[PDB]
Amino acid sequence: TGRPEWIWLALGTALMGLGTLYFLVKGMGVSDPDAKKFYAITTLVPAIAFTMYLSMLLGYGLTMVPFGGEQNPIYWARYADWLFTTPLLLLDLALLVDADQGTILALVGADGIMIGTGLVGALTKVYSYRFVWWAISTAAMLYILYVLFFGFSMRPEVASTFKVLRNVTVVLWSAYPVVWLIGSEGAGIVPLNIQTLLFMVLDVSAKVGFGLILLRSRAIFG
Amino acid sequence: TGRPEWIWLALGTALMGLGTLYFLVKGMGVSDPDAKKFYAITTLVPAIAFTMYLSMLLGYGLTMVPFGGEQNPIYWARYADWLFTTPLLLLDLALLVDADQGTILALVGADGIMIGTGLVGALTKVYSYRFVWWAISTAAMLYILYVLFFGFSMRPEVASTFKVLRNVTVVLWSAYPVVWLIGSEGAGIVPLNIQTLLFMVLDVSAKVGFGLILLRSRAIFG
Amino acid sequence: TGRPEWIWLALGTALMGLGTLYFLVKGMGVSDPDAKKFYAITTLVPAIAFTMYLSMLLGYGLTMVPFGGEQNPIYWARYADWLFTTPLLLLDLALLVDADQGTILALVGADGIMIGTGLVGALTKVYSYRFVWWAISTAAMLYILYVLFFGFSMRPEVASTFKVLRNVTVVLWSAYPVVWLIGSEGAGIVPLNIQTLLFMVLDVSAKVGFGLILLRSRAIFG
Ligand SMILES: CC(C)CCCCCCCCCCCC[C@@H](C)CCCCCCCC(C)C
Ligand SMILES: CC(C)CCCCCCCCCCCC[C@@H](C)CCCCCCCC(C)C
Ligand SMILES: CC(C)CCCCCCCCCCCC[C@@H](C)CCCCCCCC(C)C
Ligand SMILES: *C\C=C(C)/C=C/C=C(C)/C=C/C1=C(C)CCCC1(C)C
Ligand SMILES: *C\C=C(C)/C=C/C=C(C)/C=C/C1=C(C)CCCC1(C)C
Ligand SMILES: *C\C=C(C)/C=C/C=C(C)/C=C/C1=C(C)CCCC1(C)C
């Protein structure tokens, strides 16, 4: 179509779709109660992203936001996607390390604030304020990464896989506030099609790649 | 009023209301921890539907959607209703069979995708796309029914009641994608008042009738 | 700014902000699994309110609602705030008394109906109907307070702290339906700036003061 970013949305849609079907088939047969939780989460996440990418592709998950005296196309559906997939993702890490519930609630709450304020920032019409919400969102992100890095005796296999996905999480999650800032959502330093491309690549990395790593570990089996 | 479907919304409102009060009174005295969960769920579900039916009756839970070059009255509040009551309903069946958490998360997630994409379909302005979302929603439904049918040793009483409500669930839930397709939401083969009538009858069946069956079983008691 | 209520929104923002940082620092070091849940909740609640107060201060968490032939400024973000903080608050009391899950689900469900119908009331354009939703919301509140008062052997310390926060909860929560009724949201007997002032004072009392009392108790430690 007329939206140059469509190809990234179509590609994103296809890969989340393919990832969902992979994990869906991959998850067949799994009877270990613990393995099943990781499979459920890891299958659900790209299943949601699939529907959210398709809504952006079809034009539903997009709105227009006035700021800078300009009409800025804001794919709100990315935030809806993140609002559900990032706590699931954290759930993966919490179950991994048998996190305390209080810590999980801390993380999921901080996460909802993270996406919620990033959405608010994305939809805020007063340009300067966009970055106040960015800053607060980023602070919630930093809290989360802090908890994950310096909070989260497990078996060596758990500790081992946790360290991998933990380092993946930091680099990956940290890229999102940077893509937003430089992208058409924030400072408009990079145009929307490039920004969509970037977020697509991070999302598929976070929602299929991350799952491929997790589900490759015996750490998910009790 | 001027909306011919009002009587079905008024009737739906009254019966969910009456059902809530019934289960509320019925639930008094129940001290068994397990029985209390089934009562909580089974009381909450029509309590929510009551508020959602009343919002449709009063005109709040309704929006207008352009497609087919027509202004289509979409009772979005039915989806809000379903978004909360159908996982509760699944919760009833999961607790029944002592489902694994991973399986519950699978089900609740698939359920949210089911209602979420059905809502998206209901609000989609490009007519053809309405049915893409229908198809995806229906696929999530089929997944759920698959899990419930061929996934979900329990006591004979549990197995017995599970089989009943399971068969009820399949026929009942399966009717919804058919009513949407033929109704003014989808192909416009049946007009809105008839479609509302149909959904009211299914909702009261799913939100009061189903609860009457469940709460009639000793299966809910530990 | 031009909104006379801003100072109450700015003050509310500052105090929820200060409260969050206090509990955040206060919560450092806590390793007791149980204490951590109370800290997580009690820190998250004003963290959310902080973001919600700031959204009202900046003008994002506000919409205009036609009724009485007037344009009524409705701070929808207060309801978003409440929708998340009041179940957390109930969670605090449930964990306190080791509530049955069925009872918690009952409470959280009734709570969502409470805020959900109060939001619907706040956004309802037919003036009379505003109070039908108020009445239903209030009935859900009364249910909750009923459960908390005459439903919720614990150690004397638990029973002791529960009784305090329980009495706090009744007086505090009960003030909200009164402030809405007399405030510009309901009968317009008290103007919006006064109404905002009132809700700010209740919110800080409920979201920082209540937490200061809870976190002051050894009842939160296993
Ligand atoms: C361990 C196995 C079986 C791996 C195969 C993965 C297949 C699943 C579906 C396709 C997507 C997954 C690949 C993960 C890679 C990412 C981090 C990002 C790649 C995105 C872009 C397309 C190029 C890569 C492909 C492998 C599709
Ligand atoms: C087991 C007992 C006590 C049963 C009595 C149920 C009473 C509760 C409130 C009213 C509604 C419930 C009836 C369930 C029946 C449905 C499947 C659908 C009937 C809807 C339409 C009205 C006609 C039936 C009535 C019984 C109200
Ligand atoms: C037990 C200790 C350390 C108490 C100190 C609390 C400090 C935290 C942040 C500021 C707010 C908290 C005070 C709670 C009081 C309320 C019930 C309402 C007071 C609101 C208005 C401002 C005046 C009071 C202040 C103490 C800020
Ligand atoms: C899809 C899955 C994941 C891992 C996405 C991660 C999302 C974030 C870490 C987003 C963070 C944001 C911040 C910190 C500030 C700007 C707004 C964002 C929501 C993009
Ligand atoms: C109220 C309670 C229940 C049991 C309602 C069930 C709802 C569904 C099974 C709805 C399914 C839909 C699908 C499959 C596709 C069209 C959109 C719907 C959301 C109606
Ligand atoms: C912020 C924290 C808390 C304790 C707020 C409590 C909120 C309520 C008890 C609100 C109740 C309402 C009712 C009963 C009817 C009018 C609408 C309200 C949502 C204000």
# chains A, B, ... in the order shown; residues from 1 in each chain; ligands from 1
>>> select_by_dssp(residues="range 46-133 of chain C", states="strand (DSSP E)", output="list in words")
residues 63, 64, 65, 66, 67, 70, 71, 72, 73 and 74 of chain C
>>> interface_residues(of="chain A", to="chain B", cutoff="9 Å", atoms="only C-alpha atoms", output="PyMOL selection string")
chain A and resi 33-41+43-44+47-48+51+55+58+60
>>> residues_near_ligand(ligand="ligand 4", cutoff="8 Å", atoms="only C-alpha atoms and all ligand atoms", output="number ranges by chain")
A: 49, 79, 81-82, 85-86, 89, 114-119, 121-122, 133-142, 169, 172-181, 202-204, 206-207
>>> select_by_dssp(residues="range 53-190 of chain C", states="alpha helix (DSSP H)", output="ChimeraX atom specification")
/C:53-57,76-97,101-123,127-150,156-182
>>> residues_around(residues="residue 18 in chain B", least_positions_apart="5", cutoff="10 Å", atoms="only C-alpha atoms", output="ChimeraX atom specification")
/B:12-13,23-24,46-47,50,208
>>> write_last_selection(atoms="N, CA, C and O atoms", output="short mmCIF file (atom, residue, chain, number, x, y, z; two decimals), in the first residue's frame")
data_model
loop_
_atom_site.label_atom_id
_atom_site.label_comp_id
_atom_site.auth_asym_id
_atom_site.auth_seq_id
_atom_site.Cartn_x
_atom_site.Cartn_y
_atom_site.Cartn_z
N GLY B 12 -32.38 -9.00 28.81
CA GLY B 12 -31.06 -9.56 29.16
C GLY B 12 -30.59 -8.96 30.47
O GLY B 12 -30.03 -9.60 31.34
N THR B 13 -30.82 -7.66 30.59
CA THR B 13 -30.45 -6.95 31.81
C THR B 13 -31.15 -7.51 33.04
O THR B 13 -30.60 -7.78 34.11
N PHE B 23 -27.45 -16.17 42.61
CA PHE B 23 -26.18 -16.74 43.01
C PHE B 23 -25.62 -16.04 44.24
O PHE B 23 -24.95 -16.67 45.05
N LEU B 24 -25.89 -14.75 44.37
CA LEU B 24 -25.38 -14.00 45.52
C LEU B 24 -26.01 -14.55 46.79
O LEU B 24 -25.37 -14.79 47.80
N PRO B 46 -22.42 -13.13 35.78
CA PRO B 46 -23.64 -12.38 35.42
C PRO B 46 -23.69 -11.00 36.05
O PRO B 46 -24.42 -10.11 35.60
N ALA B 47 -22.89 -10.75 37.07
CA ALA B 47 -22.84 -9.43 37.67
C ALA B 47 -22.24 -8.47 36.64
O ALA B 47 -22.76 -7.39 36.38
N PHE B 50 -24.66 -8.20 33.73
CA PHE B 50 -25.71 -7.27 34.12
C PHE B 50 -25.24 -5.86 33.79
O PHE B 50 -25.92 -5.07 33.16
N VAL B 208 -25.99 -17.60 33.03
CA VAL B 208 -26.82 -17.98 34.18
C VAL B 208 -27.06 -19.47 34.11
O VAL B 208 -26.92 -20.23 35.05
#
>>> atom_distance(atom1="CA of residue 29 in chain B", atom2="atom 4 (C, counted along the ligand's line) of ligand 2")
18.6 Å
>>> residues_near_ligand(ligand="ligand 3", cutoff="7 Å", atoms="only C-alpha atoms and all ligand atoms", output="VMD selection string")
chain C and resid 15 18 to 19 22 201 204 to 205 208 to 209 212
>>> residues_around(residues="residue 77 in chain B", least_positions_apart="6", cutoff="8 Å", atoms="only C-alpha atoms", output="list in words")
residues 52, 53, 55, 56, 61 and 62 of chain B
>>> write_last_selection(atoms="N, CA and C atoms", output="PDB file, in the first residue's frame")
ATOM      1  N   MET B  52     -22.971  -4.814  31.814  1.00  0.00           N
ATOM      2  CA  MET B  52     -22.745  -4.642  30.384  1.00  0.00           C
ATOM      3  C   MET B  52     -24.081  -4.614  29.628  1.00  0.00           C
ATOM      4  N   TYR B  53     -25.047  -5.462  30.018  1.00  0.00           N
ATOM      5  CA  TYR B  53     -26.358  -5.416  29.334  1.00  0.00           C
ATOM      6  C   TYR B  53     -27.007  -4.079  29.615  1.00  0.00           C
ATOM      7  N   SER B  55     -25.511  -1.283  30.172  1.00  0.00           N
ATOM      8  CA  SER B  55     -24.864  -0.245  29.355  1.00  0.00           C
ATOM      9  C   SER B  55     -25.351  -0.301  27.911  1.00  0.00           C
ATOM     10  N   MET B  56     -25.666  -1.506  27.400  1.00  0.00           N
ATOM     11  CA  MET B  56     -26.197  -1.557  26.035  1.00  0.00           C
ATOM     12  C   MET B  56     -27.634  -1.040  26.036  1.00  0.00           C
ATOM     13  N   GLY B  61     -23.033   1.267  25.774  1.00  0.00           N
ATOM     14  CA  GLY B  61     -22.201   0.189  25.283  1.00  0.00           C
ATOM     15  C   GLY B  61     -22.365  -0.028  23.786  1.00  0.00           C
ATOM     16  N   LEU B  62     -22.736   1.047  23.107  1.00  0.00           N
ATOM     17  CA  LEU B  62     -22.974   0.960  21.668  1.00  0.00           C
ATOM     18  C   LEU B  62     -22.211   2.020  20.897  1.00  0.00           C
TER      19      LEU B  62
END
>>> atom_distance(atom1="atom 14 (C, counted along the ligand's line) of ligand 1", atom2="CA of residue 156 in chain A")
25.4 Å
>>> closest_residue(among="B:151, B:210, B:72, B:161", to="residue 30 in chain A", atoms="only C-alpha atoms")
B:151
>>> atom_distance(atom1="CA of residue 150 in chain A", atom2="CA of residue 166 in chain A")
10.4 Å
>>> residues_around(residues="residue 87 in chain A", least_positions_apart="3", cutoff="7 Å", atoms="only C-alpha atoms", output="tab-separated table (two decimals) with C-alpha atoms, in the first residue's frame")
chain	number	residue	atom	x	y	z
A	84	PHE	CA	0.61	-7.94	27.07
A	90	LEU	CA	9.11	-11.22	32.44
A	91	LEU	CA	6.99	-14.11	33.57
A	108	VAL	CA	4.68	-6.65	36.15
A	111	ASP	CA	6.18	-3.04	33.28
